[PDB]
Amino acid sequence: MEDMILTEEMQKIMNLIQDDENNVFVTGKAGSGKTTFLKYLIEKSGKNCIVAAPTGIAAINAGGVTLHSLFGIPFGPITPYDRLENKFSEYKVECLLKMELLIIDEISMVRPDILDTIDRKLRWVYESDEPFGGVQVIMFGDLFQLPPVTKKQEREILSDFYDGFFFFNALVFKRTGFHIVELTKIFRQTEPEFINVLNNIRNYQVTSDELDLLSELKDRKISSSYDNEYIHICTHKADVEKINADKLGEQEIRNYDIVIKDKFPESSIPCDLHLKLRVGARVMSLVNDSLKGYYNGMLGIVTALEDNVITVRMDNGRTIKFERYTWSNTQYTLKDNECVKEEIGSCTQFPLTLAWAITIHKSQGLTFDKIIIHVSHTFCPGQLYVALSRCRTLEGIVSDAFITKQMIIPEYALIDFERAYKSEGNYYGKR
Ligand SMILES: Nc1ncnc2c1ncn2[C@@H]1O[C@H](COP(=O)(O)OP(=O)(O)O)[C@@H](O)[C@H]1O
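Residue numbers (the deposited numbering): 1 to 431.
As structure tokens, this is what we get:
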């Protein structure tokens with residue numbers, strides 16, 4: 001991007017990382033500029049940056065590595081007194097010793113014992129007692145993104161040692177802390193009444209005039225129809241696999257296999273393994289190309305299918321010939337006694353997927369012109385907020401049943417965390 005707008009909030013963040021002791025949590029909603037400012041922040045700073053994420057797909061997308069692979073953490077709940085097999089390699093140790101800045105994308109998805117373990121490994125590597133071995137830490141993401149649900153034994157082992165299952169519940173945050181900065185500008189659009197509604201929902205202060213609005217979105221006839229510009233936000237995998245499958249059909253189906261070269265982890269693949277399409281299929285772009293004219297999340301309709309090309313008419317009327325795209329799986333290594341990234345593998349596939357319906361999870365980070373929300377009756381805290389944040393307007397939302405005060409379940413650990421640091425200096429943890 002030679003396009004980047006640099007806002008007051010971004011410069012505020014760069015001012016503070018300048019002081020090598022300042023950890024920073026960079027937060028903001030979808031379309032807030034986070035991953036674009038992330039790239040801005042690697043280039044503009046000194047520092048030896050390392051870029052990690054809690055999942056392969058987020059790692060690939062941010063162009064870093066998983067936290068587990070970088071730091072060699074077995075998957076599972078880890079108490080402070082669970083002992084670590086900590087080796088890595090001579091390249092890895094040496095990379096971590098040169099790291100001047102650790103950047104973690106999608107931090108709200110980091111179950112806090114992960115943070116503490118990373119802290120243990122970096123004290124053992126630097127042979128220091130300082131938090132994170134002194135490494136400076138920038139954290140990116142959206143607080144009100146739902147963290148991954150903790151399994152049976154997970155909450156078991158861990159509840160003994162943690163007051164919470166959110167990333168800021170990490171024990172290290174008793175010994176260190178971080179500033180907070182909200183990215184407030186939504187570049188693709190600006191719609192104040194709707195975003196106010198969303199913020200009243202997430203803070204559990206919400207008018208009867210707002211509840212009137214929410215009951216309007218009900219249209220049961222549309223909700224039950226798959227011929228439309230609307231994408232169904234659904235909670236669970238298989239309702240989507242069923243909607244996207246049933247609309248596809250058996251008629252005139254083209255199938256396109258993924259291609260893997262060298263080393264790619266199965267869970268880091270952010271595209272279809274077997275892409276099954278037909279003229280008429282409804283689809284969504286998986287990558288940003290400003291030159292071709294598509295963004296990740298852009299919806300269109302297939303108008304033709306060839307071997308190496310897929311032609312799609314998007315909702316903005318443009319027509320785009322999609323070609324296979326290649327995703328690169330990297331890792332950190334030494335070249336010339338400098339820590340640099342290197343490609344260890346690849347996966348190649350057309351960057352589209354069937355879009356009649358998308359999970360709440362796979363749609364993390366995205367917004368659409370038109371959406372169909374399913375009030376799932378039984379509800380989990382913050383769920384209604386998530387579902388509605390997938391739209392860009394109020395008037396673009398359609399609910400399958402009335403939206404009721406019942407459906408609004410606050411997450412109070414988040415409102416308080418938010419409430420505190422907002423009055424405590426935009427800082428949380430030990431000063
Ligand atoms: N700093 C910026 N300046 C100008 N436009 C931006 C900026 N950041 C994002 N955009 C636009 O908004 C879109 C949102 O993408 P992204 O930066 O990934 O936001 P987020 O990750 O916070 O949802 C981009 O496709 C881009 O076209």
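Beta carbons are placed, not taken as given, at the ideal position from N, Cα and C, and that holds for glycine.
Environment of residue i [buried if 16+ CB atoms lie within 10 Å]
i: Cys339; result: buried
i: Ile360; result: buried
i: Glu266; result: exposed
i: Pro192; result: exposed
i: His232; result: buried
i: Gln331; result: buried
i: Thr367; result: buried
i: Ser363; result: buried
i: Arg202; result: buried
i: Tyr204; result: exposed
i: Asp19; result: exposed
i: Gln11; result: exposed
i: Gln189; result: exposed
i: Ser215; result: exposed
i: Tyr294; result: buried
i: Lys92; result: buried
i: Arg220; result: exposed
i: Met99; result: buried
i: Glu342; result: exposed
i: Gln145; result: buried
i: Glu306; result: exposed
Whole-number beta carbon distance between residue j and residue i, since they are thought to touch under 8 Å
i: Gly365; j: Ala30; result: 5 Å
i: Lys34; j: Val26; result: 7 Å
i: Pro147; j: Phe166; result: 6 Å
i: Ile180; j: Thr79; result: That belief does not hold up - the Cβ atoms of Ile180 and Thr79 are roughly 28 Å apart, past 8 Å.
i: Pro54; j: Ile114; result: 7 Å
i: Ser346; j: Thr333; result: Actually they do not touch by this definition, with Cβ atoms about 17 Å apart.
i: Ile17; j: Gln136; result: 7 Å
i: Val279; j: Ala304; result: 6 Å
i: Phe350; j: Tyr256; result: 6 Å
i: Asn86; j: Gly72; result: 7 Å
i: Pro112; j: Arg175; result: With a Cβ gap of about 14 Å, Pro112 and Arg175 do not count as contacting.
i: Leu275; j: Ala355; result: Rounded, the Cβ-Cβ distance is 12 Å, inconsistent with contact.
i: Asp289; j: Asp369; result: Actually they are not in contact, since the Cβ atoms of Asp289 and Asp369 sit about 19 Å apart, beyond 8 Å.
i: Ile397; j: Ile373; result: 6 Å
i: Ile103; j: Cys49; result: 6 Å
i: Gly133; j: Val125; result: 6 Å
i: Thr7; j: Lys185; result: 6 Å
N-terminal and C-terminal residue of the beta strand (DSSP E) that residue i is part of
i: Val398; result: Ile397 to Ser399
i: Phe322; result: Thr319 to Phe322
i: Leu305; result: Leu299 to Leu305
i: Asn329; result: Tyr325 to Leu334
i: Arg392; result: Counting along the chain, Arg392 falls outside any beta strand (DSSP E), and DSSP gives it neither H nor E.
i: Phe417; result: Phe417 -> not in any beta strand (DSSP E); alpha helix (DSSP H) instead, spanning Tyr412 to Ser423.
i: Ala52; result: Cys49 to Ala53
i: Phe25; result: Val24 to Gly28
i: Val312; result: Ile310 to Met314
i: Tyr295; result: First-last for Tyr295: undefined, no H or E at that position.
i: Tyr427; result: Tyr427 to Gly429
N- and C-terminal bounds of the alpha helix (DSSP H) containing residue i
i: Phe178; result: Run containing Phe178: none in the alpha helix (DSSP H); it sits in the beta strand (DSSP E), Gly177 to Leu183.
i: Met10; result: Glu8 to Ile17
i: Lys39; result: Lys34 to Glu43
i: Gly345; result: Per DSSP, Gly345 belongs to no alpha helix (DSSP H); it is in the beta strand (DSSP E), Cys339 to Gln349.
i: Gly56; result: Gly56 to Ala62
i: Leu70; result: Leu67 to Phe71
Within the stretch 201-284, ranges of the beta strand (DSSP E) (whole runs, at least 3 residues): 231-234, 254-257, 259-262 and 274-277
Contact shell at 6 Å, judged by CB to any heavy atom of ligand 1, ordered along the chain: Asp3, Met4, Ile5, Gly28, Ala30, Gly31, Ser32, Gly33, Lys34, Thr35, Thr36, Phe37, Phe187, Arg188, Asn288, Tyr295 and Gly365
Completely contained alpha helix (DSSP H) runs for the stretch 99-157, where each covers 4 or more residues: 112-126
Runs of alpha helix (DSSP H) lying entirely within the stretch 352-389, each at least 4 residues, in chain order: 383-389
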